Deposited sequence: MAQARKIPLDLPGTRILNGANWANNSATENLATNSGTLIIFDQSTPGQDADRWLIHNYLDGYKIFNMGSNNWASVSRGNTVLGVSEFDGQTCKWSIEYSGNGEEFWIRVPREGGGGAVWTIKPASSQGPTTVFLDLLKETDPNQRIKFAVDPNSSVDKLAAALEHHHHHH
């Protein structure tokens, strides 16, 4: 089940976990998957209910996981229901989820970690692709 309202949540893909830094500053910072954290709790996330889906908050950076230009997933300082809402859907495999664009009709593009540090973008779901499989680890 989705760890709702749990501050210590790491967002996992294979051996990497999602990181995001505070904006120095319509601004935003890359969501980076890596096996190193760039400062205290830059790898710590808070998931809440938002309408028919979820919002994903980085406790380190105070940024919201959001769709940005070119289907890139960024942390953005300012919340926007249009860019910051996600569907989290069980994959069928252990505790693995797809984080998708909420779409009336379904078939929303999903978090895709590109095959060191790596960025996240939205692409069509391929059920078998481990680069779109997300796990949530608490503490």
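- Sequence ranges 1 to 5, 31 to 33, 124 to 127, 152 to 170 have no coordinates in this entry (deposited sequence, numbered from 1, C-alpha basis).
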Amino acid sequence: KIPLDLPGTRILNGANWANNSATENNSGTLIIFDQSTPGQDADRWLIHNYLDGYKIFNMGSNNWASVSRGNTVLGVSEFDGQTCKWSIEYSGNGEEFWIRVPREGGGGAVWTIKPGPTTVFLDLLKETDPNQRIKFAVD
From here on, numbers count along this sequence of modelled residues.
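- As recorded in the PDB entry, 93 to 101 is the stretch of 93 to 101 and 62 to 70 with the greater mean C-alpha temperature factor.
- As recorded in the PDB entry, 103 to 111 is the stretch of 103 to 111 and 50 to 58 with the greater mean C-alpha temperature factor.
- Per-chain ranking of the deposited C-alpha B factor places residue 6 in the lowest third.
- In the deposited entry, the Cα temperature factor of residue 131 sits in the middle third of values across the chain's modelled residues.
- In the deposited entry, the Cα temperature factor of residue 40 places it in the highest third of its chain's modelled residues.
- When the CA B factors of the chain's modelled residues are split into thirds, the value for residue 119 lands in the middle one.
- Split the chain's modelled residues into thirds by C-alpha temperature factor. Residue 77 is in the middle one.
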